[PDB]
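To start, the structure itself, in structure tokens.
Every residue, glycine as well, gets a Cβ built from its backbone with ideal geometry; the counts of neighbours run over all protein chains shown. Where a number appears in this text, it was derived from the coordinates with a stated rule and is not lab data.
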Amino acid sequence: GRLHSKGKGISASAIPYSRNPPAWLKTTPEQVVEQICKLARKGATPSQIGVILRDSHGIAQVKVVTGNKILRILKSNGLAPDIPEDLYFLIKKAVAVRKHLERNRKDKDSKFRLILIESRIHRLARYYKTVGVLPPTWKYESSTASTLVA
Amino acid sequence: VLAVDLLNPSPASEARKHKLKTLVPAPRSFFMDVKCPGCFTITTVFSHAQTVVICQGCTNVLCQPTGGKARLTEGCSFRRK
Amino acid sequence: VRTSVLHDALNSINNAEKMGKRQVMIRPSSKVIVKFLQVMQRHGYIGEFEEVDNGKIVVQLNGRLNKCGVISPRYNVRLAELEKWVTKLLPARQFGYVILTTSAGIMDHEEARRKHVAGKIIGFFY
RNA sequence: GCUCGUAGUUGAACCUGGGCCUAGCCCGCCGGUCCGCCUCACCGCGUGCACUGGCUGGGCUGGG
RNA sequence: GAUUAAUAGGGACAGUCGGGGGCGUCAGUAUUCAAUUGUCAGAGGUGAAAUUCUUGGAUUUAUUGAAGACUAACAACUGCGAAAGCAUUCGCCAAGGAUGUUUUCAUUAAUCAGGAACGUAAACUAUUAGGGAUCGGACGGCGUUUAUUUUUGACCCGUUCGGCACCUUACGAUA
Ligand SMILES: [Zn+2]
């Protein structure tokens, strides 16, 4: 239940029924795919892609219009991030916290949150390793996290 | 209470239930069409937009984001589908 | 977390039969739950159920049953063992039924003795 | 004292092509009776909302 | 060649929310110390006293200055943080919660052996089933006040998630 901190929180995004039409929200799937490809080329994460689509174009879900999800489409056209988005954001967050610790050390709450983030990264990292995404042996410390940054 | 038709709740009790707690869950958000009176352009905006949606050019606006529904701007029209 | 969604469903059925309600909202559905309620409906302990989709199950119950239960390790059982397992699980041999996941499907112990097939004990009601 | 964490432990749902027989009807084809056609004749053709039987011809549906 | 998109996850964005944390800064009194005056006989404590300070003037009256501490009243059957804990304003720095979304990889997850980070006291003791309050979103609106009229906010009401706590009932229990 929201992992680390206590608190349930039922903040969830709903998905409607009939995974096919939203008809009056026109535009062919091919056009949507090409827009997604353009966004990927400009350098945006799948989640950011989805948000952009939500903002401007007549879309509901890519999985509805097109046969595939965004990440799956990116993988088919070989335009996917090095470290699968969420993992990349977590490592960026960990780097930021380490840099804050380096600037000022006594902040024990920041050190605790750093530890939490590292644990969450390890939790993600193990399961990514299992699903043959990331190459075996993946360190997530200041020796490699700093090199990764972006 | 004690017996009720659970496969056929009333639409009025269904409508006051939270999103994820309706019989099959579904959204309660909608899409709008928006024009701004000097332009014949029809941008289609999501109800709970997080983007400061801009029309096809003309550095204007169409809505601002909030904690809930996007506040559509000023004088604008909206049909809702 | 109880991964036994059958046990969550059967806990909800026992809570309704204690509280005297006339229907439930079994929120995580399955197929083993549907077969379980199919046997309970054959033996008349549950009126009528429907699987609606988002899915969940709405189970009209008659107010006739006493207890539902799952056997959590799911032990294997032959017929000569099945007689002793029935008379050790049920309060009486003529009251209630033991549910079996056999090679012929999911059925009660009387249908298992009819169709001459053994299997794992999955649950029971009475 | 609380949180993270490893060996360990429990680990969501979703997942039975071809041929043969059979009954009912239709559409079409074919043999005969009647009637008509044409052929000098022999003969053949049309001919089942005129009659009768056949078709392992075609189509739909049910059952094995 | 790629399922439901989970009423379990992690992330992104937006408006936010908080007496959560660090660094600086800004104040506020009060206490002590010192100075300048007006002093002019006690002052201080205690149940009574005494030690002590007191014509070089104590305590007191007024005005400044310095130092260290803390943040009254607001202050709650509340808020935030995992815990100890956290109350002056403003700035900076990251982080976190919930909500909403027309956001993504699709088992990543649950639990803790080993280990790792933060740290004078005690003394009377799957639902319950809703309702009344409460605060944080999001939505809706007959209206009062902003409002010279639109924003927007305050008040009232309803819906919806989420969370500290009350009472009733146990759905029971059981040591
Ligand atoms: Zn325009």
Please report, for the Cα atoms of region A:1-58, the Rg to one decimal and the Dmax as a whole number; what are they, in angstrom? 15.8, 45
Length added when fully stretched, A:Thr144-A:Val131, from 0.36 nm per residue minus Cα-Cα: 2.5 nm
So, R0 is 56 Å and r is the distance between the beta-carbons of B:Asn60 and B:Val4; what FRET efficiency does that work out to, to 0.05? 0.60
What's the local net charge at A:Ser11, with K and R +1, D and E -1, over the other residues with C-beta under 11 Å away? +3
Amide H to amide H, which residues 5 or more places from B:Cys63 or on other chains are under 5 Å from it, using H placed in the peptide plane? B:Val53, B:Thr73
Against the globular-protein guess of 2.2 N^0.38 Å, express the Cα radius of gyration of the protein assembly as shown as a ratio, rounded to two decimals. 1.36
For chain A, convex hull volume per residue from C-alpha positions, Å³: 159 Å³
Among A:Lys69, A:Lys108, A:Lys92, which one shows the highest mean-square fluctuation when chain A is modelled as a Gaussian network with alpha-carbon springs under 10 Å? A:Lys108
